[PDB]
Amino acid sequence: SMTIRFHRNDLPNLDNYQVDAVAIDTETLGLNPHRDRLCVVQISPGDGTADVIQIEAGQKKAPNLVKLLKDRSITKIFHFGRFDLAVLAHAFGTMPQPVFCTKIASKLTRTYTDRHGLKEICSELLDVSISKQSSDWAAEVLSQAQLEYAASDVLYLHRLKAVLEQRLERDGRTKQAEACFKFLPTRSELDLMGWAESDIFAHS
Amino acid sequence: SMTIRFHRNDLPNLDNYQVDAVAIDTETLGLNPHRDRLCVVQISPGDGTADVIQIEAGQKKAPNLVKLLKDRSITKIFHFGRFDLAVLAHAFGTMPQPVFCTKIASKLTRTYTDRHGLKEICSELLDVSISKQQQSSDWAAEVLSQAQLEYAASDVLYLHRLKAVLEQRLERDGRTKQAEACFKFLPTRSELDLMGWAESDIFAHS
Amino acid sequence: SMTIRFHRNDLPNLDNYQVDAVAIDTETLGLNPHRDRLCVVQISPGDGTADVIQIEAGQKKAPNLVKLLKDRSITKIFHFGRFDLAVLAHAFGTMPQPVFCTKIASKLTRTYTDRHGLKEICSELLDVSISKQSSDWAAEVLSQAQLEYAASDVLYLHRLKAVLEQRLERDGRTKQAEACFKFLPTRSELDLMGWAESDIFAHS
Amino acid sequence: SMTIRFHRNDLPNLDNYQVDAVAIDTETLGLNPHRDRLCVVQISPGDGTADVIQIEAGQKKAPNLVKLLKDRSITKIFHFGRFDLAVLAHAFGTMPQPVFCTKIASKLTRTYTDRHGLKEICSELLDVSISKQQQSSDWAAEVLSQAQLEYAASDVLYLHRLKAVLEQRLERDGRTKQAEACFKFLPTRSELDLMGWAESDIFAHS
Amino acid sequence: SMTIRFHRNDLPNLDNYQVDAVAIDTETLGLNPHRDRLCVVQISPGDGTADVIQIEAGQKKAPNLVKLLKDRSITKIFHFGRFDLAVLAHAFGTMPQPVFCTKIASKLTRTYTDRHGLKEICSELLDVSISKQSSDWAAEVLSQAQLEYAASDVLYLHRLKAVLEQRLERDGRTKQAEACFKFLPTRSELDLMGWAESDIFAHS
Amino acid sequence: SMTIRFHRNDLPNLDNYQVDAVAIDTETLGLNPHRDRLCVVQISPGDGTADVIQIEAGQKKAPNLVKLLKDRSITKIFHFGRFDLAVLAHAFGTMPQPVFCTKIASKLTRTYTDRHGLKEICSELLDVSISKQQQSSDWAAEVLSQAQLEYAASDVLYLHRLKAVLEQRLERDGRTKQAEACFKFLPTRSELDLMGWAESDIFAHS
Amino acid sequence: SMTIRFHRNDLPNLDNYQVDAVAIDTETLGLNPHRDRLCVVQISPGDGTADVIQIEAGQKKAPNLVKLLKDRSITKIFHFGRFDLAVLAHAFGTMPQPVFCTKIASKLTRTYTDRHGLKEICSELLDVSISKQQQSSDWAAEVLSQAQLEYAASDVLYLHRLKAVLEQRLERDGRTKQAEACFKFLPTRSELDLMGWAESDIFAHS
Amino acid sequence: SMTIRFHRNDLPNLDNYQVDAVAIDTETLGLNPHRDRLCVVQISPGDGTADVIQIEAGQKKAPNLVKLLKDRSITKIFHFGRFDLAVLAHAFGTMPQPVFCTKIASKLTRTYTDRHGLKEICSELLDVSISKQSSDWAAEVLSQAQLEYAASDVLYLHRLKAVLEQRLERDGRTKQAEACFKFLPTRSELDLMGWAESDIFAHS
């Protein structure tokens, strides 16, 4: 079924990543980036396959992945990148950019719903059914079910981006979305710096 | 003391605005830009003088003011620019940029307090006292009172000085780059407010 | 100072009320019209004087006052009439109409503030200073201070109405205000009927 | 079963609308009428048929529909008319009246429940089952799906029948006059929403 | 199955009520006794049968039922009598007493749970399964399902009282329960008087 | 002015208590009767004098005080008796009755306010000013300060007068019978507090 | 399968408890230790057997159980020991120590969830299914049902296995020392609950 | 008036600290230890004088102060040490112990009040009046007012400890207080680790 390539620590090379956009998600021990370590990076070049990379405790190097994260010619696509960007910057020392977030794009286009989860938009926009799973992602041995769950998070983000970009143009919000994506790395930096619970643009 | 130049509709010219940054604030009939019209634009060159400009109901143009708003070589300084940028763009059709916001800068530096209002930071950072008695008054009055003119002018007379202090604090505490990114996004935040997301944090999970 | 005419039960006649609008407020034993009886009706014909009428426990008749309440040619002016209309209808058996509410009018015009109290609008719109006072309004003997407090509630509503009507025209909301005033007696009826805690127009 | 007539822009004529009341609903891109455009108007004569009218982006006129909205001899029946009245007035410039709202009528009669949605009252009052699967879908699609057409039509096919039941309940429980006053005010409630008070109960103390 | 005797307005006589305790529940148009009229009184003499009495709009007389309500030698058993006592007093002009409330008794004995509903205690204490149903109880014609739902509310309260009285004695709280039952009619009176949302014994 | 008689452990006799009602209050180390011991009992015959009785740690008996608590011919007047009844019953083993509570009586008559504290009703009903400075002090001190004695005494010196006013108000506004039923239940409310339901309204639905 | 040994009052001897750790749980009449008496003590040596001990009303002694509680060479394993330690100390006068709490250990390791109940961690960590149907039942019944015995036994049959997993997780994620400090404080946390602070976090600012 | 010794970076020696207990407070840029740096350490040996130490941005060494923090024979006294312990451990790399917290001690003794602030307990327990001041504690030059405010935080903690220890013995809670003090360094560690918003002992 799923074409999943499993790796320890890092991609082995970038032979599959001669691309201008990658789809990325992560797994962690929880929602606090300072407490809960990075455990898995899942990434797809958009060809319907996924690389699932198991990250070790204390590991701060992943040179091939970091080359993609730093490459300003490659757009890093996330669904709710605000969290993953903070996790990746905290783990590897660089804030990935530029980015596209399918959740922000959903909020700017799918104004007829309050459901902006990945499962929801995959169903509505792609007629794709994905299966939601909490588990210990720091386990020595990840299950096949865990690998498939992680891979499904990145298999469809290129296709979602294509639909959402067209919707943003139809509804006249392309420029505002792009400014949101330009700011999103700073939003994640501010989270790591201590404003994770604050809307910095609010009056009070 | 403070010099106020009162005008109707627009600045007469830009002879006082051969500067690299201007301080701007606005008065309206309330907090909803689609309902509550622009009534006053106040602007200062940073030299201890202020222009207070009465805006007519239905006024669609202000060409000299708009030249300053469009001029990318002039930084527009606001206190909580999120509001004023939306009001000005809605009134005259130009989203001002680039910008500096003293309230965002305060939130990124004065981490020991939740009080980030203009009156508060004037007192703490400059030892300058300003009064908010006229904040909620009829800004659409046919003739503005001298108290209204002085409240309006005081809202822009100190923004250059606050910006200087807050710039230094941002550098001291290591957040200049993040503040600049906030200022770059702020025009979009105001656009999203006008477009229908005024009550939403677009970066929130839900 | 204040010209106050004190009465028991009812106005003695309508000699002072050959008018097209009256200003009305009430005092009660509290904010629950079914539990807390009507104690005082204060009313002014707009001439800078007030009638202050002490209402007895169990009294359900006040013929001269009720003639004014029922007279469709006389506008009953209140500041937040929603409460007083319920109290008066519960006490005397008829819902006063038509009405003008200076608080609704304030909310539709003074959009630059969240303070719509009587003291606030008297100060801003009239340069009139009134003194806010809780006390037992069911006392056998009302104090002079109580009579003056009650009278001040109605001395200025005609003048407030004149200013607020002009503001409603300036800001383009006369028609919507008038529809609010037409509905206000039903809003008070719904309060008495059991919806005092519900916005009947809300989605949920 | 249900008969659906699909149209673009407007009813072709009023040959099916020689009636004293019509049932109306709308579909949009969301809950904010200034941001979220009108996409579909659905209308039923009360005879078990429904017209589903696709509204174009930027469409400013719908003359036959508007004739019905303006016609004071025809009651416009809605479920939560507060929304549809604002959307229709914003789209085409006419505030429909007079009106009957089945949600207000439900709140004034079904005092034993807090569930006043259309699906709920169809089931309880008529034993009619309707599905909300397409409530949140892309109503601005170039071509509406058959499921979207059937969801839209089902929102108006039963309002006459609900109105008949709820009218009887209002009379039974003694609240006809208060409901009628609510219906008379409802166009103003929708106007106030468009004017800037959508988040405020204008009758609240504070 | 269920032995249900249906009546209009009132019990026809008290031939089935030569008893010292009755089980009572009511149906109304909702939870606000001043707005939502009494629609059904269901009552059982404890013999496994129920009388279900349809109450008309505007009906304020029910002489045989009222004789039971007033009879101080007959304990009126309710599950959460606080509501029904207010409804019955408002409908018929007299506050029933004395009373026993199986919900108060449950709260004073079943301290190992926070579930004190009738279905729950019937299951736990009696191994009796009752089926929970909101509907229009003011309908001209009550359904058979509605009659059976109403009857089930009173079929088991005598049996619950017997178990709960023994539990109160085992756990040492009989005297406090009886004082709660003595006060309960006043608690319902205070609800009708305007304190339905207030714990009169709270400090603030 | 006020006469205070200071005692250790107990009243010496009941020579000053040939009366039909007594006013009682207590001071403790806090609001939890199982944790926070009884420290002071204050009692007044209603004649403008007060007895202030220091209670020792571990003290289990107070026979003359307890005679008054048990005497069903003497009404014990409290302000918020719910607390004092629990403290006294826990200390000495007798639940006082019958009782009158000025706070319950206030809640049933002063329907125009949410302020029912003793200081508030002394001021409004009697024009008597009392100070709460010593309310939170070390009531277990080896020697009570004169300020502590005067705070304690002032808490009982006015309860007879308040009761007289509030009785009249209860009759005036028609709630004498309901208040009396509350007073009859109050000892049980205090027992339930000691038994484990201090945080629960036993009459609530859930 | 599981072996249950039912007893009245106490273990008959400690022949099955020549072990370094025991698993303990209790059943009561509710969550308030001063009101709600101890009804059942369940204990397991960690060998797949469980003792379920019915405790009489008013029972003040359980000498063999108490020997285990006092024995500082035997770790007492609980799931949410905060409750059981207070109940056991209140019943028999000995605060058990040292302790291991699987709920604290879960909160310090399972940082990806807010579900830390025993049923949840049995399923996730051991793939063991337990039923909470009898959690809220009359634990003071004269005769315990077989379902009650099996619920009680299942609450202790797996704590040794959970402790083994959670110990490894604490070491893996670097929090062994902090968990041990929590376990050292837990008897005091339970004492403070009995003393009157059950509703207070003693370490909170306010 | 106040005897204040000002220092940069560290105490110059421990000549004034031949003691078994020290009183410590800190000033920071705010309440988030990971975001808001340590700015001032104020410390007193209990002789009515204070050392006020200005801490530089990026400074992670303070050898003489750290010797006191690590010295297990010296009790570090705080008012609400939970915060300062986290700040000091984060700044200098070691968790100070053992400790005494006058706020925990107040909560375990002054059960007759909900006010456990330093000003409150100084007034009640010592008849000492201290003056509460928010300001920029990272300023290059601290004002005399700032130095005096910082010093007043530590001038009285030895005296408060003596009173509170006697109160703990009188009210029977010495053992529980000491266990709270033994745990307090771990409570602060857990705050730094990511549980600052969680009571680790709560059921949920």
# chains A, B, ... in the order shown; residues from 1 in each chain; ligands from 1
>>> interface_residues(of="chain D", to="chain E", cutoff="10 Å", atoms="only C-alpha atoms", output="VMD selection string")
chain D and resid 109 to 115 124 to 125 169 172 to 173
>>> write_last_selection(atoms="C-alpha atoms", output="PDB file, in the first residue's frame")
ATOM      1  CA  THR D 109     -43.389  27.809  21.862  1.00  0.00           C
ATOM      2  CA  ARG D 110     -40.980  24.897  22.378  1.00  0.00           C
ATOM      3  CA  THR D 111     -40.134  26.043  25.883  1.00  0.00           C
ATOM      4  CA  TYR D 112     -39.095  22.506  26.943  1.00  0.00           C
ATOM      5  CA  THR D 113     -35.899  22.387  24.872  1.00  0.00           C
ATOM      6  CA  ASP D 114     -32.885  24.425  23.792  1.00  0.00           C
ATOM      7  CA  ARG D 115     -32.774  22.658  20.389  1.00  0.00           C
ATOM      8  CA  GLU D 124     -40.266  16.764  16.010  1.00  0.00           C
ATOM      9  CA  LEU D 125     -43.093  18.746  14.392  1.00  0.00           C
ATOM     10  CA  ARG D 169     -48.771  26.553  18.972  1.00  0.00           C
ATOM     11  CA  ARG D 172     -52.481  27.777  21.893  1.00  0.00           C
ATOM     12  CA  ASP D 173     -49.902  29.082  24.365  1.00  0.00           C
TER      13      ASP D 173
END
>>> select_by_dssp(residues="stretch 54-167 of chain D", states="strand (DSSP E)", output="ChimeraX atom specification")
/D:54,75-78,99-101
>>> atom_distance(atom1="atom CA of residue B:47", atom2="atom CA of residue B:99")
18.6 Å
>>> residues_around(residues="residue A:4", least_positions_apart="2", cutoff="6 Å", atoms="only C-alpha atoms", output="PyMOL selection string")
chain A and resi 2+49-51
>>> write_last_selection(atoms="N, CA and C atoms", output="mmCIF file, in the first residue's frame")
data_model
loop_
_atom_site.group_PDB
_atom_site.id
_atom_site.type_symbol
_atom_site.label_atom_id
_atom_site.label_comp_id
_atom_site.auth_asym_id
_atom_site.auth_seq_id
_atom_site.Cartn_x
_atom_site.Cartn_y
_atom_site.Cartn_z
ATOM 1 N N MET A 2 1.027 1.874 1.175
ATOM 2 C CA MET A 2 1.847 3.075 1.298
ATOM 3 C C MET A 2 3.303 2.776 0.963
ATOM 4 N N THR A 49 4.902 9.252 -1.955
ATOM 5 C CA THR A 49 5.712 8.446 -1.053
ATOM 6 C C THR A 49 6.170 9.319 0.104
ATOM 7 N N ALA A 50 6.583 8.679 1.193
ATOM 8 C CA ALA A 50 7.030 9.430 2.356
ATOM 9 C C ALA A 50 8.307 8.832 2.925
ATOM 10 N N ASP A 51 9.181 9.713 3.405
ATOM 11 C CA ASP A 51 10.320 9.339 4.229
ATOM 12 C C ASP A 51 9.945 9.577 5.684
#
>>> residues_around(residues="residue D:24", least_positions_apart="2", cutoff="6 Å", atoms="only C-alpha atoms", output="PDB file with N, CA and C atoms, in the first residue's frame")
ATOM      1  N   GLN D  42     -32.668  29.788  -2.320  1.00  0.00           N
ATOM      2  CA  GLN D  42     -33.639  28.725  -2.519  1.00  0.00           C
ATOM      3  C   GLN D  42     -34.997  29.239  -2.074  1.00  0.00           C
ATOM      4  N   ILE D  43     -36.033  28.893  -2.829  1.00  0.00           N
ATOM      5  CA  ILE D  43     -37.365  29.416  -2.547  1.00  0.00           C
ATOM      6  C   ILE D  43     -38.391  28.353  -2.919  1.00  0.00           C
ATOM      7  N   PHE D  78     -38.859  32.244   6.803  1.00  0.00           N
ATOM      8  CA  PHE D  78     -37.477  31.818   6.975  1.00  0.00           C
ATOM      9  C   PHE D  78     -37.361  30.933   8.199  1.00  0.00           C
ATOM     10  N   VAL D 156     -36.103  24.690   2.304  1.00  0.00           N
ATOM     11  CA  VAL D 156     -37.302  25.499   2.090  1.00  0.00           C
ATOM     12  C   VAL D 156     -38.559  24.671   1.872  1.00  0.00           C
TER      13      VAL D 156
END
>>> residues_around(residues="residue G:150", least_positions_apart="3", cutoff="10 Å", atoms="only C-alpha atoms", output="list in words")
residues 2, 3, 4, 50, 52, 130, 131, 134, 145, 146, 147, 153, 154 and 155 of chain G
>>> write_last_selection(atoms="N, CA, C and O atoms", output="JSON list (two decimals), in the first residue's frame")
[["chain", "number", "residue", "atom", "x", "y", "z"],
["G", 2, "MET", "N", -6.74, -14.49, 37.24],
["G", 2, "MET", "CA", -6.49, -13.85, 38.53],
["G", 2, "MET", "C", -7.00, -14.70, 39.69],
["G", 2, "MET", "O", -8.08, -15.29, 39.62],
["G", 3, "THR", "N", -6.20, -14.73, 40.75],
["G", 3, "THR", "CA", -6.54, -15.40, 41.99],
["G", 3, "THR", "C", -6.91, -14.34, 43.01],
["G", 3, "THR", "O", -6.11, -13.43, 43.26],
["G", 4, "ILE", "N", -8.11, -14.43, 43.57],
["G", 4, "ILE", "CA", -8.56, -13.52, 44.62],
["G", 4, "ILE", "C", -8.71, -14.31, 45.92],
["G", 4, "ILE", "O", -9.35, -15.36, 45.94],
["G", 50, "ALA", "N", -4.36, -11.45, 44.38],
["G", 50, "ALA", "CA", -4.80, -10.27, 45.11],
["G", 50, "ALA", "C", -5.57, -10.68, 46.36],
["G", 50, "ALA", "O", -6.38, -11.61, 46.31],
["G", 52, "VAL", "N", -8.38, -9.24, 48.89],
["G", 52, "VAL", "CA", -9.42, -8.22, 49.01],
["G", 52, "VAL", "C", -9.98, -8.33, 50.42],
["G", 52, "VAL", "O", -10.51, -9.38, 50.80],
["G", 130, "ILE", "N", -9.47, -3.23, 31.85],
["G", 130, "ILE", "CA", -10.19, -3.28, 33.11],
["G", 130, "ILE", "C", -11.45, -2.43, 33.00],
["G", 130, "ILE", "O", -11.51, -1.46, 32.24],
["G", 131, "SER", "N", -12.48, -2.81, 33.77],
["G", 131, "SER", "CA", -13.79, -2.19, 33.69],
["G", 131, "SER", "C", -14.06, -1.38, 34.95],
["G", 131, "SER", "O", -13.80, -1.85, 36.06],
["G", 134, "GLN", "N", -17.96, -1.03, 38.50],
["G", 134, "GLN", "CA", -18.21, -1.10, 39.94],
["G", 134, "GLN", "C", -17.48, -0.02, 40.73],
["G", 134, "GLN", "O", -17.58, -0.02, 41.96],
["G", 145, "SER", "N", -20.27, -8.24, 46.15],
["G", 145, "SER", "CA", -20.56, -9.05, 44.98],
["G", 145, "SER", "C", -19.27, -9.55, 44.34],
["G", 145, "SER", "O", -18.19, -8.98, 44.54],
["G", 146, "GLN", "N", -19.39, -10.63, 43.57],
["G", 146, "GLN", "CA", -18.22, -11.13, 42.86],
["G", 146, "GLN", "C", -17.67, -10.09, 41.89],
["G", 146, "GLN", "O", -16.45, -9.96, 41.75],
["G", 147, "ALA", "N", -18.55, -9.30, 41.26],
["G", 147, "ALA", "CA", -18.10, -8.19, 40.42],
["G", 147, "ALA", "C", -17.32, -7.15, 41.21],
["G", 147, "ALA", "O", -16.34, -6.59, 40.71],
["G", 153, "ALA", "N", -9.85, -6.31, 42.97],
["G", 153, "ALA", "CA", -8.61, -7.04, 42.71],
["G", 153, "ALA", "C", -7.90, -6.50, 41.47],
["G", 153, "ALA", "O", -6.68, -6.33, 41.46],
["G", 154, "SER", "N", -8.66, -6.23, 40.41],
["G", 154, "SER", "CA", -8.04, -5.72, 39.19],
["G", 154, "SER", "C", -7.33, -4.39, 39.40],
["G", 154, "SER", "O", -6.43, -4.05, 38.63],
["G", 155, "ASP", "N", -7.72, -3.62, 40.42],
["G", 155, "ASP", "CA", -7.06, -2.34, 40.69],
["G", 155, "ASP", "C", -5.65, -2.52, 41.25],
["G", 155, "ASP", "O", -4.87, -1.56, 41.22]]
>>> interface_residues(of="chain D", to="chain B", cutoff="10 Å", atoms="only C-alpha atoms", output="list in words")
residues 32, 33, 34, 35, 36, 194, 195, 196 and 197 of chain D
>>> write_last_selection(atoms="N, CA and C atoms", output="mmCIF file, in the first residue's frame")
data_model
loop_
_atom_site.group_PDB
_atom_site.id
_atom_site.type_symbol
_atom_site.label_atom_id
_atom_site.label_comp_id
_atom_site.auth_asym_id
_atom_site.auth_seq_id
_atom_site.Cartn_x
_atom_site.Cartn_y
_atom_site.Cartn_z
ATOM 1 N N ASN D 32 -20.400 35.690 7.724
ATOM 2 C CA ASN D 32 -20.152 37.130 7.759
ATOM 3 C C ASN D 32 -20.657 37.751 6.463
ATOM 4 N N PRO D 33 -21.801 38.436 6.463
ATOM 5 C CA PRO D 33 -22.369 38.872 5.176
ATOM 6 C C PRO D 33 -21.498 39.847 4.411
ATOM 7 N N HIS D 34 -20.656 40.625 5.083
ATOM 8 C CA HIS D 34 -19.816 41.556 4.342
ATOM 9 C C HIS D 34 -18.654 40.843 3.663
ATOM 10 N N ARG D 35 -18.166 39.753 4.256
ATOM 11 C CA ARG D 35 -17.059 38.992 3.684
ATOM 12 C C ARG D 35 -17.532 37.878 2.757
ATOM 13 N N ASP D 36 -18.624 37.211 3.117
ATOM 14 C CA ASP D 36 -18.978 35.903 2.569
ATOM 15 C C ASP D 36 -20.158 36.068 1.622
ATOM 16 N N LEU D 194 -25.983 44.349 9.712
ATOM 17 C CA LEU D 194 -25.198 44.886 8.600
ATOM 18 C C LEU D 194 -24.519 46.201 8.972
ATOM 19 N N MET D 195 -25.154 47.006 9.826
ATOM 20 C CA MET D 195 -24.608 48.304 10.188
ATOM 21 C C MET D 195 -23.450 48.231 11.179
ATOM 22 N N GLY D 196 -23.253 47.103 11.861
ATOM 23 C CA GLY D 196 -22.130 47.004 12.781
ATOM 24 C C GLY D 196 -22.427 46.451 14.161
ATOM 25 N N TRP D 197 -23.679 46.087 14.437
ATOM 26 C CA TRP D 197 -24.050 45.585 15.756
ATOM 27 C C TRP D 197 -24.332 44.082 15.756
#
>>> atom_distance(atom1="atom CA of residue D:189", atom2="atom CA of residue D:79")
14.8 Å
>>> residues_around(residues="residue F:94", least_positions_apart="2", cutoff="10 Å", atoms="only C-alpha atoms", output="PyMOL selection string")
chain F and resi 66-67+69-70+85-86+88-92+96-97
>>> select_by_dssp(residues="stretch 2-203 of chain G", states="alpha helix (DSSP H)", output="compact mmCIF listing (two decimals) with C-alpha atoms, in the first residue's frame")
# COMPACT_ATOMS: atom_id res chain seq x y z
CA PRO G 63 -2.21 -5.29 62.39
CA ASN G 64 -0.80 -7.40 59.55
CA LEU G 65 -1.73 -4.84 56.89
CA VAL G 66 -0.25 -2.10 59.09
CA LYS G 67 3.03 -4.03 59.42
CA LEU G 68 3.38 -3.80 55.63
CA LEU G 69 2.46 -0.10 55.62
CA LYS G 70 5.09 0.67 58.29
CA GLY G 81 -1.65 7.25 46.21
CA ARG G 82 -2.67 10.74 47.38
CA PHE G 83 -6.15 9.34 48.07
CA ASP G 84 -5.26 5.90 49.45
CA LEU G 85 -2.53 7.20 51.76
CA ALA G 86 -4.97 9.62 53.38
CA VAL G 87 -7.68 6.92 53.71
CA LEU G 88 -5.29 4.36 55.20
CA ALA G 89 -3.65 6.80 57.62
CA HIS G 90 -7.09 8.00 58.75
CA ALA G 91 -8.38 4.45 59.22
CA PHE G 92 -5.49 2.83 61.07
CA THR G 102 1.74 5.28 38.95
CA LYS G 103 -0.41 8.34 38.30
CA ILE G 104 2.35 10.82 39.19
CA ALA G 105 4.77 8.68 37.18
CA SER G 106 2.34 8.77 34.23
CA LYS G 107 2.04 12.55 34.43
CA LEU G 118 -5.59 3.47 35.71
CA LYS G 119 -7.83 1.98 33.02
CA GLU G 120 -6.12 4.15 30.40
CA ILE G 121 -2.53 3.29 31.36
CA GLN G 146 -18.22 -11.13 42.86
CA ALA G 147 -18.10 -8.19 40.42
CA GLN G 148 -17.04 -5.89 43.25
CA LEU G 149 -14.32 -8.34 44.31
CA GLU G 150 -13.02 -8.55 40.76
CA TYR G 151 -13.03 -4.76 40.29
CA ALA G 152 -11.16 -4.34 43.56
CA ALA G 153 -8.61 -7.04 42.71
CA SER G 154 -8.04 -5.72 39.19
CA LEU G 159 0.53 -1.99 39.53
CA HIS G 160 3.88 -3.82 39.74
CA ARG G 161 3.91 -4.20 35.94
CA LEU G 162 2.94 -0.55 35.41
CA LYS G 163 5.64 0.55 37.85
CA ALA G 164 8.25 -1.42 35.90
CA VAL G 165 7.25 0.28 32.62
CA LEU G 166 6.96 3.75 34.15
CA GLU G 167 10.32 3.43 35.96
CA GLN G 168 11.95 2.71 32.60
CA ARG G 169 10.16 5.68 31.01
CA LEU G 170 11.21 7.98 33.84
CA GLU G 171 14.84 6.96 33.32
CA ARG G 172 14.55 7.22 29.54
CA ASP G 173 13.16 10.76 29.62
CA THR G 176 13.70 9.74 37.89
CA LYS G 177 14.99 12.17 40.54
CA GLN G 178 12.01 14.51 40.28
CA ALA G 179 9.55 11.61 40.47
CA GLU G 180 11.34 10.26 43.55
CA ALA G 181 11.04 13.66 45.22
CA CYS G 182 7.32 13.65 44.42
CA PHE G 183 6.98 10.21 46.00
CA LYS G 184 8.85 11.42 49.08
CA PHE G 185 6.46 14.36 49.45
CA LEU G 186 3.28 12.41 48.69
CA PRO G 187 2.66 11.26 52.31
CA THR G 188 2.80 14.91 53.36
CA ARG G 189 0.43 15.88 50.56
CA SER G 190 -2.02 13.31 51.94
CA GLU G 191 -1.49 14.53 55.51
CA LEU G 192 -2.24 18.10 54.40
>>> residues_around(residues="stretch 44-46 of chain D", least_positions_apart="5", cutoff="7 Å", atoms="only C-alpha atoms", output="number ranges by chain")
D: 16-17, 19, 22-24, 51, 156-157, 160
>>> write_last_selection(atoms="C-alpha atoms", output="compact mmCIF listing (two decimals), in the first residue's frame")
# COMPACT_ATOMS: atom_id res chain seq x y z
CA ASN D 16 -45.27 29.48 -9.74
CA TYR D 17 -45.57 32.25 -7.12
CA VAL D 19 -49.23 32.62 -3.46
CA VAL D 22 -43.04 31.93 0.13
CA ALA D 23 -40.31 29.98 1.92
CA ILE D 24 -36.77 31.31 1.46
CA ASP D 51 -36.36 26.67 -6.92
CA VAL D 156 -37.30 25.50 2.09
CA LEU D 157 -39.61 22.56 1.26
CA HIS D 160 -44.87 26.42 5.17
>>> atom_distance(atom1="atom CA of residue C:55", atom2="atom CA of residue C:91")
9.7 Å
